[PDB]
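Note that each Cβ is placed from the backbone with ideal geometry, even for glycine, and that neighbours are counted across all protein chains shown. The numbers here are math on the coordinates, done by the rules we state, and not lab data.
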Amino acid sequence: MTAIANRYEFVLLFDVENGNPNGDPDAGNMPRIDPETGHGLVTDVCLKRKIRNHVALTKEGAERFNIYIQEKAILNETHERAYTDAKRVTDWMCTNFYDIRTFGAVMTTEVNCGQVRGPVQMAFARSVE
RNA sequence: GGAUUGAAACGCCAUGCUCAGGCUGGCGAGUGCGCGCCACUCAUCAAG
């Protein structure tokens, strides 16, 4: 196993047709609008949730690709793990949970304060117009 | 390469505007009103 060797930046263009891409819990579930520009807004956490769900569906409990932060799409059919003192448990979590390895996580541990950062980072998505 | 009160963080699941109801019943464009009163095609020119 070896980590990636290059820095990456990506731009993703997605559209919505007659739908609510991301409701605003502070505007009666209306789609988010940017007050400064009037552009539609989609938080990063929404896209991260979608990515987590997609990977959970696609790999469905494979060896290295379990998803920790679930949203009631879980299935209890079958799980397996790599079978690897805080560093030990941190590496074990990273080595077999895709979302922890990708976005990071924070455990209730003291020595490192829990901070697992992860390489991937996403910003708020806003409408073109 | 230890720490940007940070690191992780869906507003989300779903819900017929429907059932229906004449713009109708009936009402002359009509009564009447000269295109009419006049005005040369005409004054000439072998047939070869």
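Packing here is the average count of other Cβ atoms within 10 Å per residue, and on that basis the peptides A:105-111, A:92-98, highest first, run A:92-98, A:105-111. Along the stretch A:100-112 the Karplus relation, 6.51 cos²θ - 1.76 cosθ + 1.60 evaluated at θ = phi - 60°, assigns HN-Hα couplings of 5, 5, 8, 8, x, 5, 9, 8, 7, 10, 9, 4, 9 Hz to successive residues, with x for each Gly and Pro. Annotation note: trypsin sites (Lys or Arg not before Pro) in the stretch A:1-49 located in DSSP loop regions with a Cβ neighbour count of at most 10 within 10 Å are A:7. Along the charge dipole of chain A, Cβ charges K/R +1 and D/E -1, which of A:120, A:70, A:90 sits furthest on the positive end? Result: A:90, furthest along the dipole toward the positive end.
Placing +1 on the Cβ of every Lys and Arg and -1 on the Cβ of every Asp and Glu, with no other charges, gives chain A a dipole of roughly 480 debye about its Cα centre.
Compactness of chain A is given as radius of gyration and Dmax, 17.7, 52 Å, from Cα positions.
For the stretch A:37-53, 3J(HN,Hα) computed residue by residue from phi via the Karplus equation (6.51, -1.76, 1.60; θ = phi - 60°) reads 10, x, 7, x, 9, 10, 5, 5, 4, 4, 5, 5, 4, 4, 5, 4, 4 Hz, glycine and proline entered as x.
Taking amide hydrogens as placed 1.01 Å from N in the peptide plane, the amide H of residue A:124 sits under 5 Å from those of A:44, each at least 5 positions away in sequence or on another chain.
Full extension of the chain between residue A:12 and residue A:44 yields a length gain of 10.3 nm, computed as 0.36 nm times the residue separation minus the alpha carbon distance.
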